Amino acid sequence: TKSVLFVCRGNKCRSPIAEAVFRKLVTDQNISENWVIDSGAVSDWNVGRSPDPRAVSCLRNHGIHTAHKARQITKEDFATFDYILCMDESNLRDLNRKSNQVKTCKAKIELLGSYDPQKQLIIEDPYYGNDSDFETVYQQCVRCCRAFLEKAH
């Protein structure tokens, strides 16, 4: 059983989209039973909130739905997930530092964009953008999630 946790700042725009995309992916590939998939936030500020309505609408445009509610990453997440894939360098920096402070870190922390065959390394925060920015994030997650499933690094 493999595990991936998608992380962003507040867990309402980017990482809920990545989670839903990857869940759709493994389901189509008929291997969802062998994958634990989740998303979480660095911050605790947005905990308990549903994804941004623009993220929900973006996923719906692509026939996807999510019932995720924002949660903050926990010490346990570092000890149990195989991969923690984050969105921007602020996430990476924060995750690398908290990884140092847990004596039981099994997860490999990487930028999700590190898997983009199109080389766009950063998945930028779309909250203060518009719906076309959520579509961009979605397209980034599709390319990155598919590359990740084919070969991890």
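Numbers follow the displayed sequence, beginning with 1.
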item: 49-57 versus 117-125 - greater average Cα B-factor per the deposited record; value: 117-125
item: Mean temperature factor over C-alpha atoms, higher-scoring stretch between 91-99 and 38-46; value: 91-99
item: Within-chain third of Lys2 by Cα B-factor, per the entry; value: middle
item: Chain-wide C-alpha B factor ranking for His153, given as lowest, middle or highest third; value: highest
item: CA B-factor ranking of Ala70, expressed as a third of its chain; value: middle
